[PDB]
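S.K.: A single structure is presented below for examination.
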Amino acid sequence: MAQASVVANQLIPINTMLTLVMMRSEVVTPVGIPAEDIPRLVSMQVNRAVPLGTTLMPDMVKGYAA
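Each residue of the sequence shown is one higher than the one before, counting from 0 in the entry's author numbering.
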């Protein structure tokens with residue numbers, strides 16, 4: 000399996016604006032937001048708390064569409 004996802008590099012509190020320190024690239028299942036998209040996620044808000052190691056999904060990010 001080759002496709003990497005965005006995963007949380009720290010706990011991301013609810014309603015936090017994302018920064019680059021918060022986002023790592025990992026090959027995980029199920030697949031989340033493509034890791035390719037990390038620079039476009041900066042300053043977008045999360046609508047729930049995202050624990051460390053959690054795969055960031057499209058429905059967790061306010062305003063995200065692809």
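All residues carry an ideal CB built from backbone N, CA and C; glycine is no exception.
1. Tell me the residue span of the alpha helix (DSSP H) that contains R39.
2. Tell me whether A7 is buried or exposed, calling it buried when 16 or more other Cβ atoms sit within 10 Å of its Cβ.
3. Contact between the stretch 49 to 57 and the stretch 24 to 38: three or more CB pairs below 8 Å?
4. Apart from the five residues just before and just after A48, which ones in its own chain have a Cβ nearer than 8 Å to its Cβ?
5. Using 10 angstroms around the beta-carbon of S4, count the other beta-carbons present and answer buried if the total reaches 16, otherwise exposed.
M.R.: According to the structure shown:
1. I37 to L40
2. By the 10 Å Cβ count, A7 comes out buried.
3. yes
4. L10, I11, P12 and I13
5. Counting Cβ neighbours within 10 Å, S4 comes out buried, since at least 16 surround it.
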